[PDB]
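Here is the file model00.txt (compact mmCIF, N, CA and C atoms (P, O5', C5', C4', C3', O3' and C1' of nucleotides)).
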# COMPACT_ATOMS: atom_id res chain seq x y z
N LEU A 5 79.97 136.70 107.62
CA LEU A 5 79.65 137.83 108.47
C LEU A 5 79.66 137.43 109.94
N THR A 6 80.78 137.67 110.61
CA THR A 6 80.86 137.44 112.04
C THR A 6 80.30 138.65 112.77
N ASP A 7 79.99 138.46 114.05
CA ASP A 7 79.52 139.56 114.88
C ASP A 7 80.53 140.70 114.90
N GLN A 8 81.81 140.36 114.98
CA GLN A 8 82.86 141.37 115.04
C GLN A 8 82.88 142.24 113.78
N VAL A 9 82.68 141.61 112.63
CA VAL A 9 82.62 142.36 111.38
C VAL A 9 81.41 143.29 111.36
N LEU A 10 80.27 142.79 111.82
CA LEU A 10 79.06 143.60 111.85
C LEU A 10 79.23 144.79 112.80
N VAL A 11 79.82 144.56 113.97
CA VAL A 11 80.08 145.64 114.92
C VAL A 11 80.98 146.71 114.30
N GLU A 12 82.05 146.27 113.65
CA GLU A 12 82.97 147.20 113.02
C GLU A 12 82.25 148.04 111.96
N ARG A 13 81.40 147.39 111.17
CA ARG A 13 80.63 148.10 110.15
C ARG A 13 79.69 149.14 110.76
N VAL A 14 79.03 148.80 111.86
CA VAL A 14 78.15 149.76 112.52
C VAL A 14 78.95 150.94 113.05
N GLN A 15 80.13 150.66 113.61
CA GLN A 15 80.97 151.72 114.14
C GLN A 15 81.49 152.64 113.03
N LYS A 16 81.45 152.17 111.79
CA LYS A 16 81.82 152.98 110.63
C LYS A 16 80.62 153.59 109.90
N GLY A 17 79.43 153.52 110.50
CA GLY A 17 78.27 154.23 109.98
C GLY A 17 77.27 153.39 109.21
N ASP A 18 77.49 152.08 109.15
CA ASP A 18 76.61 151.18 108.43
C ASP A 18 75.46 150.72 109.33
N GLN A 19 74.41 151.53 109.43
CA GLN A 19 73.36 151.28 110.40
C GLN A 19 72.69 149.93 110.20
N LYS A 20 72.46 149.56 108.95
CA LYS A 20 71.71 148.34 108.66
C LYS A 20 72.45 147.08 109.10
N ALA A 21 73.77 147.16 109.23
CA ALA A 21 74.53 146.03 109.78
C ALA A 21 74.01 145.65 111.17
N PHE A 22 73.55 146.64 111.93
CA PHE A 22 73.06 146.35 113.26
C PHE A 22 71.79 145.51 113.21
N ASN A 23 70.99 145.69 112.17
CA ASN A 23 69.77 144.91 112.02
C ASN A 23 70.04 143.41 111.90
N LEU A 24 71.20 143.06 111.34
CA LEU A 24 71.59 141.66 111.27
C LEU A 24 71.93 141.13 112.67
N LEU A 25 72.55 141.95 113.50
CA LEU A 25 72.78 141.57 114.90
C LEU A 25 71.46 141.37 115.65
N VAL A 26 70.48 142.23 115.39
CA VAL A 26 69.17 142.06 116.02
C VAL A 26 68.52 140.75 115.58
N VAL A 27 68.53 140.48 114.28
CA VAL A 27 67.99 139.23 113.76
C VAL A 27 68.70 138.02 114.38
N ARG A 28 70.01 138.13 114.55
CA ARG A 28 70.77 137.03 115.14
C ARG A 28 70.45 136.78 116.60
N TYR A 29 70.18 137.85 117.35
CA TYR A 29 70.14 137.75 118.80
C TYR A 29 68.80 138.01 119.47
N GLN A 30 67.79 138.43 118.73
CA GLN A 30 66.56 138.82 119.40
C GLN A 30 65.87 137.68 120.14
N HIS A 31 65.97 136.45 119.64
CA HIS A 31 65.34 135.33 120.34
C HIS A 31 66.07 135.00 121.63
N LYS A 32 67.40 135.00 121.58
CA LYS A 32 68.20 134.76 122.78
C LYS A 32 67.94 135.84 123.82
N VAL A 33 67.91 137.09 123.38
CA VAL A 33 67.71 138.19 124.32
C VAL A 33 66.30 138.13 124.93
N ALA A 34 65.30 137.79 124.13
CA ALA A 34 63.95 137.62 124.67
C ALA A 34 63.91 136.52 125.72
N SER A 35 64.57 135.41 125.45
CA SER A 35 64.60 134.32 126.41
C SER A 35 65.23 134.76 127.72
N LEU A 36 66.35 135.46 127.61
CA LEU A 36 67.04 135.98 128.77
C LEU A 36 66.17 136.95 129.58
N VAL A 37 65.59 137.92 128.89
CA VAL A 37 64.76 138.94 129.53
C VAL A 37 63.53 138.31 130.20
N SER A 38 63.01 137.24 129.61
CA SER A 38 61.86 136.54 130.16
C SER A 38 62.13 135.89 131.51
N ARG A 39 63.40 135.79 131.91
CA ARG A 39 63.74 135.34 133.25
C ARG A 39 63.48 136.40 134.31
N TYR A 40 63.33 137.65 133.89
CA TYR A 40 63.33 138.79 134.81
C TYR A 40 62.03 139.56 134.86
N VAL A 41 61.30 139.61 133.75
CA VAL A 41 60.12 140.47 133.67
C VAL A 41 58.93 139.65 133.20
N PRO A 42 57.71 140.13 133.44
CA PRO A 42 56.52 139.40 133.00
C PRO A 42 56.50 139.24 131.49
N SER A 43 55.91 138.14 131.03
CA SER A 43 55.93 137.80 129.61
C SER A 43 55.43 138.93 128.72
N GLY A 44 54.36 139.60 129.13
CA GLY A 44 53.81 140.67 128.33
C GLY A 44 54.74 141.85 128.13
N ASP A 45 55.68 142.01 129.05
CA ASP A 45 56.62 143.13 129.01
C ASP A 45 57.95 142.81 128.34
N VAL A 46 58.15 141.55 127.99
CA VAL A 46 59.41 141.16 127.38
C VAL A 46 59.73 141.96 126.11
N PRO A 47 58.78 142.08 125.16
CA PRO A 47 59.17 142.79 123.92
C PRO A 47 59.66 144.22 124.15
N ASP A 48 59.03 144.95 125.06
CA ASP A 48 59.41 146.32 125.37
C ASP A 48 60.82 146.39 125.92
N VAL A 49 61.13 145.48 126.83
CA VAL A 49 62.44 145.46 127.45
C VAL A 49 63.52 145.04 126.45
N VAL A 50 63.22 144.04 125.62
CA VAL A 50 64.14 143.63 124.56
C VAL A 50 64.45 144.80 123.62
N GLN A 51 63.42 145.52 123.21
CA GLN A 51 63.61 146.65 122.31
C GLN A 51 64.52 147.70 122.94
N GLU A 52 64.29 148.00 124.21
CA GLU A 52 65.14 148.96 124.90
C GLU A 52 66.59 148.49 124.98
N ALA A 53 66.78 147.20 125.26
CA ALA A 53 68.13 146.66 125.34
C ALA A 53 68.89 146.84 124.02
N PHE A 54 68.23 146.53 122.91
CA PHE A 54 68.89 146.67 121.62
C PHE A 54 69.19 148.13 121.27
N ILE A 55 68.29 149.05 121.59
CA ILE A 55 68.54 150.46 121.33
C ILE A 55 69.73 150.94 122.14
N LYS A 56 69.80 150.51 123.40
CA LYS A 56 70.91 150.89 124.26
C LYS A 56 72.23 150.34 123.74
N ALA A 57 72.24 149.09 123.31
CA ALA A 57 73.44 148.47 122.76
C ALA A 57 73.90 149.23 121.51
N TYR A 58 72.96 149.54 120.63
CA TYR A 58 73.29 150.25 119.41
C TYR A 58 73.89 151.61 119.72
N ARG A 59 73.23 152.36 120.59
CA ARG A 59 73.67 153.71 120.87
C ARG A 59 74.95 153.78 121.70
N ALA A 60 75.33 152.67 122.33
CA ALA A 60 76.55 152.63 123.12
C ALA A 60 77.67 151.87 122.43
N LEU A 61 77.45 151.49 121.18
CA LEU A 61 78.40 150.63 120.49
C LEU A 61 79.76 151.29 120.29
N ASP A 62 79.79 152.61 120.24
CA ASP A 62 81.05 153.34 120.11
C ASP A 62 81.94 153.19 121.34
N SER A 63 81.35 152.77 122.46
CA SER A 63 82.07 152.60 123.71
C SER A 63 82.47 151.15 123.97
N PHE A 64 81.97 150.25 123.12
CA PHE A 64 82.29 148.83 123.23
C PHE A 64 83.71 148.58 122.78
N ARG A 65 84.53 148.05 123.67
CA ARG A 65 85.96 147.91 123.39
C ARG A 65 86.30 146.64 122.62
N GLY A 66 85.40 145.67 122.59
CA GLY A 66 85.73 144.38 122.03
C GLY A 66 86.59 143.52 122.95
N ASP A 67 86.49 143.78 124.26
CA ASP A 67 87.18 142.98 125.27
C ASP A 67 86.43 141.70 125.59
N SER A 68 85.29 141.52 124.93
CA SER A 68 84.55 140.27 124.97
C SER A 68 83.92 140.11 123.60
N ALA A 69 83.30 138.96 123.38
CA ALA A 69 82.37 138.81 122.27
C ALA A 69 81.25 139.84 122.40
N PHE A 70 80.72 140.28 121.27
CA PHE A 70 79.58 141.17 121.27
C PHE A 70 78.43 140.62 122.12
N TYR A 71 78.11 139.34 121.96
CA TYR A 71 76.96 138.80 122.68
C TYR A 71 77.16 138.85 124.19
N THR A 72 78.38 138.65 124.66
CA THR A 72 78.65 138.73 126.09
C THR A 72 78.27 140.11 126.63
N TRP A 73 78.65 141.14 125.90
CA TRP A 73 78.35 142.51 126.27
C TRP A 73 76.83 142.79 126.18
N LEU A 74 76.21 142.38 125.08
CA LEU A 74 74.77 142.52 124.91
C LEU A 74 73.96 141.81 125.99
N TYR A 75 74.38 140.60 126.36
CA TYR A 75 73.71 139.83 127.40
C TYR A 75 73.62 140.66 128.67
N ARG A 76 74.74 141.25 129.09
CA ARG A 76 74.74 142.04 130.32
C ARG A 76 73.88 143.30 130.19
N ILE A 77 73.94 143.96 129.05
CA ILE A 77 73.05 145.09 128.79
C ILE A 77 71.59 144.66 128.97
N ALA A 78 71.23 143.51 128.42
CA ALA A 78 69.85 143.04 128.52
C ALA A 78 69.45 142.78 129.98
N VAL A 79 70.31 142.11 130.73
CA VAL A 79 70.03 141.86 132.14
C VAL A 79 69.84 143.18 132.89
N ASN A 80 70.75 144.12 132.68
CA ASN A 80 70.66 145.38 133.40
C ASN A 80 69.47 146.24 132.98
N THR A 81 69.08 146.15 131.71
CA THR A 81 67.90 146.84 131.23
C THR A 81 66.67 146.24 131.91
N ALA A 82 66.64 144.93 132.04
CA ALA A 82 65.55 144.28 132.76
C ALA A 82 65.52 144.70 134.22
N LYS A 83 66.68 144.77 134.86
CA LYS A 83 66.76 145.21 136.25
C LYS A 83 66.27 146.64 136.43
N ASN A 84 66.63 147.53 135.51
CA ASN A 84 66.14 148.90 135.57
C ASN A 84 64.62 148.93 135.39
N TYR A 85 64.10 148.06 134.53
CA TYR A 85 62.66 147.92 134.34
C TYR A 85 61.99 147.56 135.66
N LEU A 86 62.60 146.63 136.40
CA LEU A 86 62.04 146.19 137.67
C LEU A 86 62.03 147.30 138.70
N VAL A 87 63.06 148.14 138.71
CA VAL A 87 63.07 149.29 139.60
C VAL A 87 61.92 150.25 139.25
N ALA A 88 61.75 150.54 137.97
CA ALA A 88 60.66 151.40 137.53
C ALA A 88 59.29 150.80 137.85
N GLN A 89 59.16 149.49 137.65
CA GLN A 89 57.92 148.79 137.98
C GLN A 89 57.62 148.90 139.47
N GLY A 90 58.64 148.74 140.30
CA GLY A 90 58.47 148.86 141.73
C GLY A 90 57.94 150.22 142.12
N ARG A 91 58.43 151.26 141.47
CA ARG A 91 57.95 152.60 141.76
C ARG A 91 56.49 152.75 141.35
N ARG A 92 56.15 152.30 140.15
CA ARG A 92 54.80 152.43 139.63
C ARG A 92 53.79 151.64 140.45
N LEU A 93 54.24 150.53 141.03
CA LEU A 93 53.38 149.69 141.86
C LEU A 93 53.45 150.07 143.33
N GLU A 94 54.15 151.15 143.65
CA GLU A 94 54.23 151.64 145.02
C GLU A 94 54.83 150.60 145.96
N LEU A 95 55.84 149.88 145.48
CA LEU A 95 56.49 148.87 146.30
C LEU A 95 57.62 149.47 147.13
P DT B 1 72.11 157.75 133.73
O5' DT B 1 73.58 157.28 133.30
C5' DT B 1 74.67 158.19 133.40
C4' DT B 1 75.96 157.44 133.68
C3' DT B 1 76.53 156.67 132.49
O3' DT B 1 77.95 156.63 132.58
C1' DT B 1 75.96 155.16 134.21
P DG B 2 78.83 156.03 131.37
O5' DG B 2 78.95 154.48 131.74
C5' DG B 2 79.59 154.10 132.93
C4' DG B 2 79.56 152.60 133.10
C3' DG B 2 80.00 151.78 131.89
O3' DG B 2 80.87 150.78 132.38
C1' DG B 2 77.91 151.02 132.66
P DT B 3 81.61 149.75 131.40
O5' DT B 3 80.59 148.55 131.25
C5' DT B 3 80.21 147.84 132.39
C4' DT B 3 79.01 146.99 132.08
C3' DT B 3 79.20 146.00 130.92
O3' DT B 3 79.09 144.68 131.39
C1' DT B 3 77.09 147.07 130.87
P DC B 4 80.37 143.92 131.99
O5' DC B 4 81.24 143.55 130.71
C5' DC B 4 80.87 142.50 129.84
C4' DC B 4 81.99 142.32 128.83
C3' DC B 4 83.37 142.23 129.47
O3' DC B 4 83.80 140.89 129.44
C1' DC B 4 83.36 143.79 127.62
P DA B 5 84.20 140.16 130.81
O5' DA B 5 84.58 138.70 130.31
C5' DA B 5 85.78 138.47 129.60
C4' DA B 5 85.71 137.12 128.90
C3' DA B 5 84.49 136.93 128.00
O3' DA B 5 84.85 136.09 126.92
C1' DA B 5 84.41 135.36 129.74
P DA B 6 83.86 135.85 125.68
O5' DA B 6 82.83 134.74 126.20
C5' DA B 6 83.24 133.39 126.36
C4' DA B 6 82.09 132.57 126.93
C3' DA B 6 80.76 132.69 126.18
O3' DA B 6 80.19 131.40 126.02
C1' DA B 6 80.41 133.17 128.45
P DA B 7 78.77 131.20 125.26
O5' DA B 7 77.71 131.30 126.44
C5' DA B 7 77.71 130.37 127.49
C4' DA B 7 76.66 130.76 128.51
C3' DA B 7 75.26 130.97 127.91
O3' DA B 7 74.25 130.54 128.83
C1' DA B 7 75.98 132.93 128.93
Structure translated into C-alpha cells:
Amino acid sequence: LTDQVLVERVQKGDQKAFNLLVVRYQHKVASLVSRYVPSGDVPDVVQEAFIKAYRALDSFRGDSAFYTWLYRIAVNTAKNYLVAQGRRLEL
DNA sequence: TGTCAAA
C-alpha cells in the first residue's frame, strides 16, 4: 500500500483508506505544526490540516508525492491559525 | 483560496 494507491482509493470513495494516510503521517505533521504554533494547540491544527487535505483530495493532481502536498497544507493551516490567533489576541 | 520537489 503506497500513498499513491491510498490516494487513488480515497478518490474512488474508499473513505477508510484515508485513515491509513493519517496513521502514516500524523506524527510527522504534528512535528511540523509544532514549529509554528504553541504545543497545546498542535492537535487542533493537525486535525484541521488532515480534514482540509481529505476534502481537497479531488483537486490533488499528483504532481508531487502526497506528503509533499500535505506538508504545505499543514504549514499553511498553521499560518492561518496564527492569523486567527493574532486577531483574538488583539495583535 | 490554494496548498503538487522534498521536507
Write out as a PyMOL selection string the set of residues from chain A that DSSP, computed on the backbone, places in alpha helix (DSSP H). chain A and resi 7-15+19-37+46-59+70-92
Which residue of A:75, A:54, A:90, A:6 approaches residue 7 in chain B most closely, using only N, CA and C atoms (P, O5', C5', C4', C3', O3' and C1' of nucleotides): A:75
Using 5 Å as the limit and counting all atoms listed in the file, can you tabulate each residue of chain B that touches chain A, with its shortest atom-to-atom distance in Å and the two atoms involved, as a tab-separated table?
residue	atom	partner	partner_atom	distance
B:3	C1'	A:77	N	4.8
B:4	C1'	A:68	N	4.0
B:5	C3'	A:68	CA	4.5
B:6	P	A:69	N	3.9
For the residues in that selection, give me N, CA and C atoms (P, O5', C5', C4', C3', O3' and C1' of nucleotides) as an mmCIF file, in the frame of the given file.
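To be explicit, this is the file written out as part_14.cif:
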data_model
loop_
_atom_site.group_PDB
_atom_site.id
_atom_site.type_symbol
_atom_site.label_atom_id
_atom_site.label_comp_id
_atom_site.auth_asym_id
_atom_site.auth_seq_id
_atom_site.Cartn_x
_atom_site.Cartn_y
_atom_site.Cartn_z
ATOM 1 P P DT B 3 81.610 149.750 131.400
ATOM 2 O "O5'" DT B 3 80.590 148.550 131.250
ATOM 3 C "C5'" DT B 3 80.210 147.840 132.390
ATOM 4 C "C4'" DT B 3 79.010 146.990 132.080
ATOM 5 C "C3'" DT B 3 79.200 146.000 130.920
ATOM 6 O "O3'" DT B 3 79.090 144.680 131.390
ATOM 7 C "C1'" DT B 3 77.090 147.070 130.870
ATOM 8 P P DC B 4 80.370 143.920 131.990
ATOM 9 O "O5'" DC B 4 81.240 143.550 130.710
ATOM 10 C "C5'" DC B 4 80.870 142.500 129.840
ATOM 11 C "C4'" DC B 4 81.990 142.320 128.830
ATOM 12 C "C3'" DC B 4 83.370 142.230 129.470
ATOM 13 O "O3'" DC B 4 83.800 140.890 129.440
ATOM 14 C "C1'" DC B 4 83.360 143.790 127.620
ATOM 15 P P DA B 5 84.200 140.160 130.810
ATOM 16 O "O5'" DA B 5 84.580 138.700 130.310
ATOM 17 C "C5'" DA B 5 85.780 138.470 129.600
ATOM 18 C "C4'" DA B 5 85.710 137.120 128.900
ATOM 19 C "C3'" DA B 5 84.490 136.930 128.000
ATOM 20 O "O3'" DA B 5 84.850 136.090 126.920
ATOM 21 C "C1'" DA B 5 84.410 135.360 129.740
ATOM 22 P P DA B 6 83.860 135.850 125.680
ATOM 23 O "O5'" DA B 6 82.830 134.740 126.200
ATOM 24 C "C5'" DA B 6 83.240 133.390 126.360
ATOM 25 C "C4'" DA B 6 82.090 132.570 126.930
ATOM 26 C "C3'" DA B 6 80.760 132.690 126.180
ATOM 27 O "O3'" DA B 6 80.190 131.400 126.020
ATOM 28 C "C1'" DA B 6 80.410 133.170 128.450
#
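The interatomic distance for the pair atom N of residue 41 in chain A and atom C of residue 53 in chain A works out to 14.3 Å.
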What is the distance, in Å and to one decimal place, between CA of residue 8 in chain A and CA of residue 59 in chain A? 16.5 Å
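The interatomic distance for the pair CA of residue 10 in chain A and CA of residue 27 in chain A works out to 12.1 Å.
With distances taken over only N, CA and C atoms, A:14 is the one residue among A:46, A:34, A:14, A:82 lying closest to residue 62 in chain A.
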